[PDB]
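Heads up: the structure comes next, in structure tokens.
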Amino acid sequence: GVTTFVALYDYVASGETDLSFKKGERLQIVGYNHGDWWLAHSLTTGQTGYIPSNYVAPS
Amino acid sequence: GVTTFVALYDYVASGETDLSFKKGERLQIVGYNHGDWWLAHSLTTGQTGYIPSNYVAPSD
């Protein structure tokens, strides 16, 4: 599989974290138009966090 | 479109945030086997944050 990606655009973190939730809780998805997200690790900065899928390309 | 979802399993937050990055930075995707994530808002608790896609189903 592809292990490394390149950022195609700048992205500034909003500070949002993941959300704890209980089975049976009702949730609304926000910002669907921006697409899905993945957890990633920066080789360049060493930090880890969520990134938008459509901001990266295989490298 | 579907505006509300129901959680099928419990999920406990890890505390990870989103990541700032510059165009041209190289990144490695972690935990691909867990699938993709969405931003969501809890109707029951009022909080917002990332959730795993395969933990929710469309709901009324």
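We name chains A, B, ... following the order of the structure tokens; residues begin at 1 in each chain, and ligands are numbered from 1 as shown.
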Mind checking which residues fall within 9 Å of residue 11 in chain A, counting only C-alpha atoms, ignoring those fewer than 3 positions away in the same chain, and posting them as a CSV table (one decimal) with C-alpha atoms, in the first residue's frame?
chain,number,residue,atom,x,y,z
A,7,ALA,CA,0.1,17.8,0.8
A,51,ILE,CA,-6.2,15.6,7.8
A,52,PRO,CA,-8.7,16.1,4.9
A,55,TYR,CA,-5.7,17.7,0.4
B,19,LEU,CA,-3.1,18.6,12.0
B,20,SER,CA,-1.8,21.8,10.4
B,21,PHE,CA,0.4,21.2,7.4
B,22,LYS,CA,2.0,23.1,4.6
B,23,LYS,CA,1.7,22.3,0.9
Next on the checklist: Run DSSP on the backbone and tell me which residues of chain B come out as strand (DSSP E); list them as JSON, numbers by chain.
Outcome noted: {"B": [5, 6, 7, 26, 27, 28, 29, 37, 38, 39, 40, 41, 42, 48, 49, 50, 51, 52, 56, 57, 58]}
Next on the checklist: Could you work out which residues of chain B fall inside 7 Å of chain A? Count only C-alpha atoms, and format the result as an MDAnalysis selection string.
Outcome noted: chainID B and resid 3:31 36:44 48:51
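Between CA of residue 57 in chain B and CA of residue 1 in chain B the interatomic distance comes to 13.3 Å.
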